[PDB]
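Worksheet: the structure to be examined is printed underneath.
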Amino acid sequence: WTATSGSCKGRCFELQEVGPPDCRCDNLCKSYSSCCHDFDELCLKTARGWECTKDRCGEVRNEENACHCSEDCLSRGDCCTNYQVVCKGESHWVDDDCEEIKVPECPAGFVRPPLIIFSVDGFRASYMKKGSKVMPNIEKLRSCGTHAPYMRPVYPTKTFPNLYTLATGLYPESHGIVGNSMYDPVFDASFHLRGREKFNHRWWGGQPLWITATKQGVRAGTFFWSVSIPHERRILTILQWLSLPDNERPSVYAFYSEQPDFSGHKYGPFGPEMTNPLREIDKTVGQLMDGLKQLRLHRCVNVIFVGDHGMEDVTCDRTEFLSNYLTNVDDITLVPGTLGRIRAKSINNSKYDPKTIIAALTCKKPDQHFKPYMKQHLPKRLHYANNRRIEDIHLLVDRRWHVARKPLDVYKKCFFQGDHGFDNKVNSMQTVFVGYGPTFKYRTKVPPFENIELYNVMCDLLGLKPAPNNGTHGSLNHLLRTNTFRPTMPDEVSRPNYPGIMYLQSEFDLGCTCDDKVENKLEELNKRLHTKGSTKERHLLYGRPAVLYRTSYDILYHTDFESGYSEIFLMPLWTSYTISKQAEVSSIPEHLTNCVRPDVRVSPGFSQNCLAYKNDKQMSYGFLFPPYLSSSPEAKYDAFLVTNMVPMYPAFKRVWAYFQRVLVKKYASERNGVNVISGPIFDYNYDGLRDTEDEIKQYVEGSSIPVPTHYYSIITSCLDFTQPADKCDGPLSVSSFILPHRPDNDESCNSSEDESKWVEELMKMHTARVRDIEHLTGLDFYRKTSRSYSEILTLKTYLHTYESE
Ligand SMILES: *[C@@H]1O[C@H](CO)[C@@H](O[C@@H]2O[C@H](CO)[C@@H](O[C@@H]3O[C@H](CO[C@H]4O[C@H](CO)[C@@H](O)[C@H](O[C@H]5O[C@H](CO)[C@@H](O)[C@H](O)[C@@H]5O[C@H]5O[C@H](CO)[C@@H](O)[C@H](O)[C@@H]5O)[C@@H]4O)[C@@H](O)[C@H](O[C@H]4O[C@H](CO)[C@@H](O)[C@H](O)[C@@H]4O[C@H]4O[C@H](CO)[C@@H](O)[C@H](O)[C@@H]4O)[C@@H]3O)[C@H](O)[C@H]2NC(C)=O)[C@H](O)[C@H]1NC(C)=O
Ligand SMILES: C[C@@]12CN(C(=O)OCc3ccc(OC(F)(F)F)cc3)C[C@H]1CN(C(=O)c1ccc(S(N)(=O)=O)cc1)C2
Ligand SMILES: [Ca+2]
Ligand SMILES: [Cl-]
Ligand SMILES: [K+]
Ligand code: NA
Ligand SMILES: [Zn+2]
């Protein structure tokens, strides 16, 4: 109940909200049915429209007008945005040359440059180029400020998860808004676009920018706008707020546009009907910038022009129906559309089986346009699993497609030509970033980056300390003229041991054999030096990774590779080796096929054993440094050390062997040498974070050898490929992956074919940032380069996406 009989007189778009049943005048009262009787009359004035004309100039103030052209309007802060243009002979902001904004040029009483976030729904990255002719204001922001060619959204590439990621710096899994539609089994409540449940506070986790500002004494404009409040009125409201007294004026503001998304759904991303919505957004930007110029704020305010996701061509006829795969279709609830999420319709049905659902959805049709996954098997780059609101069974839908339960769902609930929500690597899903203002750089292009990074930067722009988030603070320093955040590298927590020869061969009873009994004083000083770390500068190019947690581990040197070996997990945490362009691939000699050798530097008690693998009928083994890339026949023996062995399912060994035998050489050939760091990952609770030993759900049978959930590799070389990877003078180039360690290749529908037809495709799908691997391993890479730390942070956030131009 709201007693709607108070008045909005003097309270229009009030900043602090009052509690029912007192009536509200804020930009959200509409969505609550709580506005005072006179809200429309007083607060949503429309008379005479949005622009001054010649004859209105110096008029008598008429309080009924939407905006004003009277003499007192500037000090009232409520002129139409074009007032000075029409009446004072001023130019529009867009017609002025751009001039570097070296320092904030602000009115007296401004303590910090204000931030305005101008967010546009569905603004696809290529609109910047393709719509450039009709967006002169936006284009001027873009070429005069700092811009990225695109910004990567989070998955799913829907509006709510992305705007709340912008606001918080968090993955949807951590902020809790994991879709536009959700069921929370703990609440037993449902969240939808339409309706009232979404207003309940328990959906919204983390700490959004407006709360971070408020807690630290920075005032915020109210971020959210009711749909019926037109764009012009939103702009005028922001501009009025900017004219408040110092003690009352907010420092941060948000504007939101429903366009071009709204039209994109109806007409497709590049429908001829899309030009008009683009023109109209540009006109709004024009109105804001002219209004700021009137208030002498246009060289004072930092403006962020940011999208939430792109838009793809999607039509009704490109729908897959679960009723073409499942017999039991009525026993399931599907969250449908550009992603699929499946749960049981009733939790009293113990006949429902996720294993048989997944099997019925796996590679059933030659050109099938979705792929089913247990959520924990989704590519780790999506960070889409660690939330009770995310159903165990997920469908990754191909771009341009929908999934639905039954055909009836599509025609009894073609309308649309556009949609979004797909994998956030997809080009059509990319969106925009432009920063313009005293604190951003002048005419600067920056590489693409992920929207989870912006919260930190908006905190930097406002002098706020960010709440803990998923950005990497400092990785976007290159966007900023000033207010950079200068991080220190994390301190190493565990220092390694450097073991020498401590054990005789006969102390090991591991059930391992090797055909290696062959008899030289020239080559004896030589092998001694290699085991002491003589070739280490060749194979460890960026220093050793730092171990950021408490553990017991050994550095192991070899001719061809260096490893950090975990006494706790009985395998390396990381193995580092360099493959030059000239290096040669050899095969494993016949006599060495099943060779595993005790490591005399490492205790039997801290070693794997061959028996466990013999006994374990499911589990086989592979090596982290590949025996194929050994520098010499004698060096090859090192590759067969028990300390280089890791557990692998035979199905995964097909993937791993092709990567190591074919792909490492291919990359070294193309990139002019590569440095490789590989290792295991244990993420049994799929929280994207390194497991402790007590979290491991699976061991090699009869042993304490834990089974990794994933294997990573980080592949680094010189950005200037004219320089070899091991003699690189400037910036680095990286690509990485986190491959799921699976007992089958069900994920790859073409796996019964030759590895050359499917393995690289799988690896591409599981592309990762070095940062993702850091979270999953507790390691910190690139500790010793000649590059600045912020540059290294940017590198660690890079994701190689494998999308064309
Ligand atoms: C991305 O960045 C984020 C932010 O940095 C990272 O997430 C953080 O990770 C931390 C490590 O997992 C985690 O720390 C834990 O916090 C527990 C306190 O939780 C509340 O308080 C915080 C602080 O304000 C709050 O943010 C939390 O918010 C969550 O929950 C609410 C409501 O439930 C949601 O609205 C919100 O969306 C958010 O949910 C998300 O996080 C939770 C986990 O907290 C998930 O379950 C959800 O799926 C969702 O993703 C909370 O309201 C604290 O209690 C924990 O302490 C345990 O572990 C420590 C180890 O130090 C141990 O000493 C303690 O004894 C304790 O164990 C006890 O509890 C166990 C479970 O009940 C039990 O087994 C034991 O026996 C003990 O009883 C822990 O310190 C932090 O909360 C989140 N923060 C956020 C915002 O998500 C994230 O890791 C990053 N991702 C990547 C890939 O890097
Ligand atoms: C609720 C809302 C009004 N809103 C608002 O006024 O937002 C301000 C804001 C700005 C920035 C921000 O980010 C930060 F902090 F970084 F600046 C946070 C909030 C958002 C709109 C979504 N909404 C929809 O109707 C809607 C429309 C389309 C779709 S879909 N089909 O997925 O495309 C889904 C939902 C109505
Ligand atoms: Ca984990
Ligand atoms: Cl959704
Ligand atoms: K076996
Ligand atoms: Na297969
Ligand atoms: Zn949309």
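Please note that chains go A, B, ... in the order of the structure tokens, that every chain numbers its residues from 1, and that ligands are numbered from 1 in the order shown.
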
| request: Throw together the list of residues within 10 Å of ligand 5, counting only C-alpha atoms and all ligand atoms, and drop it here as a VMD selection string. | output: chain A and resid 610 to 621 647 to 650 700 to 701

| said: To check your reading of the model: which residues sit at most 10 Å from ligand 7 when counting only C-alpha atoms and all ligand atoms? Write the answer as a ChimeraX atom specification. | reply: /A:121-123,157-160,180,258-266,308-311,418-421

Shell around residue 148 in chain A at 6 Å using only C-alpha atoms, local window under 6 positions removed, as a JSON list (two decimals) with C-alpha atoms, in the first residue's frame:
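In the end it all went to result-v3.json:
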```
[["chain", "number", "residue", "atom", "x", "y", "z"],
["A", 433, "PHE", "CA", 33.65, 1.15, -25.00],
["A", 445, "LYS", "CA", 43.08, 3.32, -29.11],
["A", 446, "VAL", "CA", 43.41, 0.51, -26.54],
["A", 447, "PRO", "CA", 43.12, -3.27, -27.17],
["A", 448, "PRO", "CA", 39.77, -5.07, -26.57]]
```

| said: At a cut-off of 12 Å around ligand 6, and using only C-alpha atoms and all ligand atoms, what residues come up? Please write them as a ChimeraX atom specification. | reply: /A:359,362-364,371,651-652,654-655,742-755,757-759,762

| task | Could you check which of A:256, A:290, A:732, A:50 is closest to residue 96 in chain A, using only C-alpha atoms? | result | A:290

| said: Neighbouring residues of ligand 3 are defined here as those with any atom at most 6 Å from a ligand atom, counting only C-alpha atoms and all ligand atoms; list them as number ranges by chain. | reply: A: 683-691

Serialized selection, C-alpha atoms, as a compact mmCIF listing (two decimals), in the first residue's frame:
```txt
# COMPACT_ATOMS: atom_id res chain seq x y z
CA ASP A 683 38.78 -27.56 -9.53
CA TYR A 684 36.40 -30.20 -8.16
CA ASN A 685 33.94 -27.66 -6.71
CA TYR A 686 34.07 -25.57 -9.96
CA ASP A 687 34.55 -22.27 -8.17
CA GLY A 688 37.31 -21.23 -10.63
CA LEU A 689 39.78 -21.42 -7.72
CA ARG A 690 42.67 -23.75 -6.80
CA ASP A 691 41.41 -26.74 -4.74
```

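Proximity of A:90, A:241, A:68, A:334 to ligand 4, computed with only C-alpha atoms and all ligand atoms, is greatest for A:334.
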
| request: Return the single residue from A:141, A:94, A:135, A:177 that is closest to ligand 4, with distances computed using only C-alpha atoms and all ligand atoms. | output: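 Using only C-alpha atoms and all ligand atoms, the shortest distance to ligand 4 belongs to A:177.
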
| message | Just the number, please: distance in Å from CA of residue 795 in chain A to CA of residue 772 in chain A, one decimal. | response | 12.1 Å

Please extract the residues at most 10 Å from ligand 1, counting only C-alpha atoms and all ligand atoms, and provide them as an mmCIF file with C-alpha atoms, in the first residue's frame, using the chain letters and residue numbers of this document.
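What ended up in pocket-v9.cif:
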```
data_model
loop_
_atom_site.group_PDB
_atom_site.id
_atom_site.type_symbol
_atom_site.label_atom_id
_atom_site.label_comp_id
_atom_site.auth_asym_id
_atom_site.auth_seq_id
_atom_site.Cartn_x
_atom_site.Cartn_y
_atom_site.Cartn_z
ATOM 1 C CA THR A 168 30.098 -4.762 -9.757
ATOM 2 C CA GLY A 169 33.221 -6.097 -11.545
ATOM 3 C CA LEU A 170 31.881 -9.603 -10.855
ATOM 4 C CA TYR A 171 31.139 -12.660 -12.963
ATOM 5 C CA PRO A 172 27.340 -13.406 -13.010
ATOM 6 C CA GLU A 173 28.131 -16.575 -11.008
ATOM 7 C CA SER A 174 29.372 -14.355 -8.127
ATOM 8 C CA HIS A 175 26.946 -11.447 -8.418
ATOM 9 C CA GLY A 176 24.005 -13.849 -8.755
ATOM 10 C CA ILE A 177 22.270 -12.408 -11.797
ATOM 11 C CA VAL A 178 23.034 -15.430 -13.976
ATOM 12 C CA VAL A 186 17.056 -22.029 -1.671
ATOM 13 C CA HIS A 201 17.315 -7.264 -2.788
ATOM 14 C CA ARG A 202 18.307 -10.929 -2.274
ATOM 15 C CA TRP A 203 18.901 -11.448 -6.032
ATOM 16 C CA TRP A 204 21.591 -8.807 -6.251
ATOM 17 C CA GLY A 205 24.967 -9.824 -4.805
ATOM 18 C CA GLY A 206 28.346 -8.110 -4.623
ATOM 19 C CA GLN A 207 28.629 -4.375 -4.244
ATOM 20 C CA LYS A 380 36.436 -22.269 -17.827
ATOM 21 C CA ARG A 381 36.663 -18.861 -19.625
ATOM 22 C CA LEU A 382 32.869 -18.512 -19.218
ATOM 23 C CA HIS A 383 33.108 -18.674 -15.419
ATOM 24 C CA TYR A 384 29.557 -20.005 -15.404
ATOM 25 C CA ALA A 385 28.988 -22.719 -12.809
ATOM 26 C CA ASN A 386 29.533 -21.669 -9.171
ATOM 27 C CA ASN A 387 25.950 -20.574 -8.389
ATOM 28 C CA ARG A 388 22.935 -22.623 -7.207
ATOM 29 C CA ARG A 389 20.848 -20.621 -9.701
ATOM 30 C CA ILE A 390 22.763 -22.128 -12.652
ATOM 31 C CA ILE A 452 34.518 -7.129 -15.704
ATOM 32 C CA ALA A 467 35.067 -3.818 -3.381
ATOM 33 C CA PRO A 468 36.706 -7.249 -4.035
ATOM 34 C CA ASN A 469 35.923 -8.135 -7.660
ATOM 35 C CA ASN A 470 36.972 -10.146 -10.744
ATOM 36 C CA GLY A 471 38.778 -7.343 -12.566
ATOM 37 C CA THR A 472 42.573 -7.277 -12.364
ATOM 38 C CA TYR A 686 34.065 -25.573 -9.957
ATOM 39 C CA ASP A 687 34.546 -22.265 -8.168
ATOM 40 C CA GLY A 688 37.305 -21.227 -10.630
ATOM 41 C CA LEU A 689 39.780 -21.422 -7.723
ATOM 42 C CA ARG A 690 42.673 -23.747 -6.798
ATOM 43 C CA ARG A 771 44.630 -14.834 -15.112
ATOM 44 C CA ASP A 772 42.085 -17.701 -15.237
ATOM 45 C CA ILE A 773 45.003 -20.138 -14.769
ATOM 46 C CA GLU A 774 46.357 -18.031 -11.881
ATOM 47 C CA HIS A 775 43.045 -18.295 -10.023
ATOM 48 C CA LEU A 776 42.924 -22.056 -10.703
#
```

| field | Shell around residue 569 in chain A at 8 Å using only C-alpha atoms, local window under 5 positions removed, as a list in words | value |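 Near residue 569 in chain A, the qualifying residues are residues 693, 705 and 706 of chain A.
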
| request: Please write out the residues within 9 Å of ligand 4 as a PyMOL selection string, counting only C-alpha atoms and all ligand atoms. | output: chain A and resi 156+158+160-161+178-182+192+335-341+421

| query | Any idea what the distance is between CA of residue 292 in chain A and CA of residue 255 in chain A? | reply | 14.1 Å

| said: as a list in words, please: every residue in range 230-278 of chain A that a backbone DSSP assignment puts in strand (DSSP E or B). | reply: residues 252, 253, 254, 255, 256 and 257 of chain A

| field | Distance in Å - CA of residue 681 in chain A versus CA of residue 699 in chain A | value | 13.7 Å

| request: Please report, as an NGL selection string, each residue of range 69-279 of chain A to which DSSP assigns alpha helix (DSSP H) when run on this structure's backbone. | output: :A and (73-76 or 83-87 or 127-130 or 136-144 or 159-168 or 172-175 or 209-215 or 231-241 or 261-267 or 275-279)

Take the residues from that selection and write them out as a PDB file, in the first residue's frame, keeping C-alpha atoms.
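Done, and the output landed in again_10.pdb:
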```pdb
ATOM      1  CA  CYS A  73      17.260  29.202 -17.165  1.00  0.00           C
ATOM      2  CA  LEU A  74      21.046  28.716 -16.812  1.00  0.00           C
ATOM      3  CA  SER A  75      21.066  29.555 -13.066  1.00  0.00           C
ATOM      4  CA  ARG A  76      17.846  27.554 -12.697  1.00  0.00           C
ATOM      5  CA  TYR A  83      19.429  26.971 -25.621  1.00  0.00           C
ATOM      6  CA  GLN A  84      22.833  28.538 -26.128  1.00  0.00           C
ATOM      7  CA  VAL A  85      22.969  27.345 -29.700  1.00  0.00           C
ATOM      8  CA  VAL A  86      19.580  28.808 -30.673  1.00  0.00           C
ATOM      9  CA  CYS A  87      19.605  31.935 -28.488  1.00  0.00           C
ATOM     10  CA  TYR A 127      28.008  -0.223 -35.220  1.00  0.00           C
ATOM     11  CA  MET A 128      30.917   2.152 -34.483  1.00  0.00           C
ATOM     12  CA  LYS A 129      32.217   1.696 -38.015  1.00  0.00           C
ATOM     13  CA  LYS A 130      29.047   0.666 -39.845  1.00  0.00           C
ATOM     14  CA  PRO A 136      28.579  12.299 -35.406  1.00  0.00           C
ATOM     15  CA  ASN A 137      28.440  12.941 -31.620  1.00  0.00           C
ATOM     16  CA  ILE A 138      29.388   9.328 -30.753  1.00  0.00           C
ATOM     17  CA  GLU A 139      32.152   9.350 -33.373  1.00  0.00           C
ATOM     18  CA  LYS A 140      33.642  12.501 -31.925  1.00  0.00           C
ATOM     19  CA  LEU A 141      33.686  10.944 -28.405  1.00  0.00           C
ATOM     20  CA  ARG A 142      35.304   7.898 -29.907  1.00  0.00           C
ATOM     21  CA  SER A 143      38.066   9.480 -31.968  1.00  0.00           C
ATOM     22  CA  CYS A 144      38.888  12.250 -29.507  1.00  0.00           C
ATOM     23  CA  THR A 159      21.199  -7.324 -20.450  1.00  0.00           C
ATOM     24  CA  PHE A 160      20.780  -8.004 -16.715  1.00  0.00           C
ATOM     25  CA  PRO A 161      23.922 -10.128 -16.215  1.00  0.00           C
ATOM     26  CA  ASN A 162      25.988  -7.622 -18.197  1.00  0.00           C
ATOM     27  CA  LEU A 163      24.722  -4.383 -16.599  1.00  0.00           C
ATOM     28  CA  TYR A 164      25.148  -5.882 -13.146  1.00  0.00           C
ATOM     29  CA  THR A 165      28.699  -7.092 -14.135  1.00  0.00           C
ATOM     30  CA  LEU A 166      29.455  -3.511 -15.286  1.00  0.00           C
ATOM     31  CA  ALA A 167      28.232  -2.234 -11.945  1.00  0.00           C
ATOM     32  CA  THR A 168      30.098  -4.762  -9.757  1.00  0.00           C
ATOM     33  CA  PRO A 172      27.340 -13.406 -13.010  1.00  0.00           C
ATOM     34  CA  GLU A 173      28.131 -16.575 -11.008  1.00  0.00           C
ATOM     35  CA  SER A 174      29.372 -14.355  -8.127  1.00  0.00           C
ATOM     36  CA  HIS A 175      26.946 -11.447  -8.418  1.00  0.00           C
ATOM     37  CA  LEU A 209      29.270   1.123  -7.945  1.00  0.00           C
ATOM     38  CA  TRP A 210      26.518   3.365  -6.503  1.00  0.00           C
ATOM     39  CA  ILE A 211      26.837   1.544  -3.119  1.00  0.00           C
ATOM     40  CA  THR A 212      30.643   1.632  -3.247  1.00  0.00           C
ATOM     41  CA  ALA A 213      30.432   5.399  -3.866  1.00  0.00           C
ATOM     42  CA  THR A 214      27.829   6.044  -1.132  1.00  0.00           C
ATOM     43  CA  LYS A 215      29.746   4.082   1.551  1.00  0.00           C
ATOM     44  CA  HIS A 231      15.351   9.926 -23.045  1.00  0.00           C
ATOM     45  CA  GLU A 232      15.193  13.727 -23.184  1.00  0.00           C
ATOM     46  CA  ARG A 233      13.841  13.919 -19.674  1.00  0.00           C
ATOM     47  CA  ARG A 234      16.559  11.567 -18.382  1.00  0.00           C
ATOM     48  CA  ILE A 235      19.220  13.878 -19.844  1.00  0.00           C
ATOM     49  CA  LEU A 236      17.563  17.018 -18.430  1.00  0.00           C
ATOM     50  CA  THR A 237      17.274  15.327 -15.017  1.00  0.00           C
ATOM     51  CA  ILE A 238      21.015  14.468 -15.008  1.00  0.00           C
ATOM     52  CA  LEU A 239      21.750  18.037 -16.055  1.00  0.00           C
ATOM     53  CA  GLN A 240      19.531  19.482 -13.297  1.00  0.00           C
ATOM     54  CA  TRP A 241      21.284  17.272 -10.730  1.00  0.00           C
ATOM     55  CA  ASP A 261      18.482  -3.433 -28.616  1.00  0.00           C
ATOM     56  CA  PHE A 262      14.716  -2.923 -28.784  1.00  0.00           C
ATOM     57  CA  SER A 263      14.727  -2.383 -32.535  1.00  0.00           C
ATOM     58  CA  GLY A 264      17.501  -5.012 -33.091  1.00  0.00           C
ATOM     59  CA  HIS A 265      15.287  -7.762 -31.720  1.00  0.00           C
ATOM     60  CA  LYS A 266      12.588  -6.771 -34.252  1.00  0.00           C
ATOM     61  CA  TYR A 267      14.673  -6.065 -37.337  1.00  0.00           C
ATOM     62  CA  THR A 275      19.607   3.531 -38.861  1.00  0.00           C
ATOM     63  CA  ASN A 276      16.928   5.603 -37.107  1.00  0.00           C
ATOM     64  CA  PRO A 277      17.535   4.199 -33.594  1.00  0.00           C
ATOM     65  CA  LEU A 278      21.279   4.903 -34.141  1.00  0.00           C
ATOM     66  CA  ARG A 279      20.532   8.517 -35.198  1.00  0.00           C
TER      67      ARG A 279
END
```

| Residues at most 12 Å from range 790-792 of chain A, counting only C-alpha atoms, excluding those fewer than 5 positions away in the same chain, as a ChimeraX atom specification? | /A:446-447,472-480,484-489,542,730-734,770-771,780-785,797-798

Same residues, N, CA, C and O atoms, saved as a short mmCIF file (atom, residue, chain, number, x, y, z; two decimals), in the first residue's frame:
```
data_model
loop_
_atom_site.label_atom_id
_atom_site.label_comp_id
_atom_site.auth_asym_id
_atom_site.auth_seq_id
_atom_site.Cartn_x
_atom_site.Cartn_y
_atom_site.Cartn_z
N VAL A 446 42.90 1.53 -27.46
CA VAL A 446 43.41 0.51 -26.54
C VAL A 446 42.93 -0.83 -27.08
O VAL A 446 41.97 -0.84 -27.82
N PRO A 447 43.62 -1.95 -26.77
CA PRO A 447 43.12 -3.27 -27.17
C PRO A 447 41.75 -3.64 -26.55
O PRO A 447 41.38 -3.10 -25.51
N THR A 472 41.18 -7.15 -12.79
CA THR A 472 42.57 -7.28 -12.36
C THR A 472 43.03 -5.84 -12.33
O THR A 472 43.21 -5.21 -13.37
N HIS A 473 43.13 -5.31 -11.12
CA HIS A 473 43.27 -3.87 -10.92
C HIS A 473 44.64 -3.42 -11.34
O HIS A 473 45.65 -3.85 -10.78
N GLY A 474 44.66 -2.60 -12.39
CA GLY A 474 45.86 -2.13 -13.02
C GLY A 474 45.91 -2.56 -14.47
O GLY A 474 46.65 -1.96 -15.26
N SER A 475 45.16 -3.59 -14.85
CA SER A 475 45.22 -4.04 -16.23
C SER A 475 44.67 -3.04 -17.23
O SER A 475 45.00 -3.16 -18.43
N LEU A 476 43.83 -2.09 -16.77
CA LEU A 476 43.34 -1.01 -17.65
C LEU A 476 43.99 0.35 -17.34
O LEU A 476 43.44 1.39 -17.73
N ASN A 477 45.16 0.37 -16.71
CA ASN A 477 45.87 1.65 -16.50
C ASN A 477 46.18 2.43 -17.77
O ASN A 477 46.17 3.67 -17.75
N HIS A 478 46.48 1.71 -18.85
CA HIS A 478 46.73 2.33 -20.15
C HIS A 478 45.54 3.08 -20.78
O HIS A 478 45.70 3.69 -21.84
N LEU A 479 44.37 3.03 -20.17
CA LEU A 479 43.26 3.86 -20.62
C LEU A 479 43.33 5.27 -20.05
O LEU A 479 42.65 6.16 -20.53
N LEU A 480 44.12 5.45 -18.99
CA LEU A 480 44.00 6.63 -18.14
C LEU A 480 45.18 7.54 -18.27
O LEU A 480 46.32 7.07 -18.35
N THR A 484 45.93 6.49 -12.05
CA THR A 484 46.28 5.10 -12.21
C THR A 484 46.38 4.45 -10.79
O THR A 484 46.43 5.15 -9.74
N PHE A 485 46.25 3.13 -10.79
CA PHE A 485 46.34 2.35 -9.58
C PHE A 485 47.60 1.57 -9.75
O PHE A 485 47.71 0.79 -10.73
N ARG A 486 48.50 1.68 -8.78
CA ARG A 486 49.83 1.10 -8.93
C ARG A 486 49.96 -0.14 -8.07
O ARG A 486 50.31 -0.01 -6.92
N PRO A 487 49.64 -1.34 -8.62
CA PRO A 487 49.71 -2.53 -7.76
C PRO A 487 51.14 -3.05 -7.59
O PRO A 487 51.99 -2.74 -8.40
N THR A 488 51.38 -3.76 -6.49
CA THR A 488 52.60 -4.51 -6.28
C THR A 488 52.27 -5.95 -6.65
O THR A 488 51.11 -6.38 -6.54
N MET A 489 53.28 -6.69 -7.10
CA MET A 489 53.15 -8.12 -7.35
C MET A 489 52.86 -8.82 -6.02
O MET A 489 53.40 -8.44 -4.98
N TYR A 542 60.67 -15.97 -17.98
CA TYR A 542 60.01 -14.86 -17.27
C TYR A 542 60.10 -15.06 -15.78
O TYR A 542 59.26 -14.54 -15.01
N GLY A 730 60.95 -6.59 -26.37
CA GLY A 730 59.80 -5.77 -26.02
C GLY A 730 58.59 -6.58 -25.57
O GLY A 730 58.75 -7.63 -24.91
N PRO A 731 57.39 -6.12 -25.95
CA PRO A 731 56.14 -6.75 -25.53
C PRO A 731 56.01 -8.22 -25.94
O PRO A 731 56.60 -8.65 -26.92
N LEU A 732 55.20 -8.97 -25.17
CA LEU A 732 55.05 -10.41 -25.34
C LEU A 732 53.72 -10.68 -26.00
O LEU A 732 52.87 -9.83 -26.02
N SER A 733 53.57 -11.86 -26.55
CA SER A 733 52.31 -12.34 -27.11
C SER A 733 52.01 -13.69 -26.41
O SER A 733 52.91 -14.54 -26.26
N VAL A 734 50.77 -13.88 -26.00
CA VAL A 734 50.43 -15.09 -25.26
C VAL A 734 49.14 -15.67 -25.81
O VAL A 734 48.25 -14.94 -26.30
N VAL A 770 45.66 -16.02 -18.92
CA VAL A 770 46.65 -16.46 -17.94
C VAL A 770 46.06 -16.22 -16.54
O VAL A 770 46.28 -17.02 -15.63
N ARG A 771 45.30 -15.15 -16.37
CA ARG A 771 44.63 -14.83 -15.11
C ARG A 771 43.68 -15.97 -14.63
O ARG A 771 43.60 -16.29 -13.41
N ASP A 780 51.63 -17.25 -9.72
CA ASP A 780 51.70 -15.92 -10.30
C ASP A 780 52.88 -15.94 -11.31
O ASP A 780 54.04 -16.19 -10.94
N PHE A 781 52.53 -15.74 -12.58
CA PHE A 781 53.41 -15.87 -13.73
C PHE A 781 54.00 -14.51 -14.10
O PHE A 781 53.60 -13.47 -13.54
N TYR A 782 54.96 -14.55 -15.03
CA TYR A 782 55.65 -13.35 -15.53
C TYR A 782 56.26 -12.44 -14.47
O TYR A 782 56.15 -11.20 -14.55
N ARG A 783 56.87 -13.05 -13.47
CA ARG A 783 57.46 -12.32 -12.34
C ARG A 783 58.72 -11.55 -12.72
O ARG A 783 59.04 -10.59 -12.05
N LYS A 784 59.42 -11.97 -13.75
CA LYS A 784 60.72 -11.38 -14.12
C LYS A 784 60.80 -11.14 -15.61
O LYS A 784 61.26 -12.00 -16.35
N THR A 785 60.28 -10.00 -16.05
CA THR A 785 60.40 -9.59 -17.44
C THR A 785 61.00 -8.19 -17.43
O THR A 785 61.17 -7.57 -16.39
N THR A 797 45.39 -10.64 -18.67
CA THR A 797 43.94 -10.61 -18.98
C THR A 797 43.57 -10.90 -20.46
O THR A 797 42.39 -11.08 -20.78
N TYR A 798 44.57 -10.90 -21.35
CA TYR A 798 44.35 -11.19 -22.76
C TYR A 798 43.71 -12.56 -22.97
O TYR A 798 44.08 -13.57 -22.33
#
```

| task | Have a look at A:2, A:284, A:41, A:304 and name the one nearest to ligand 2; count only C-alpha atoms and all ligand atoms. | result | A:304
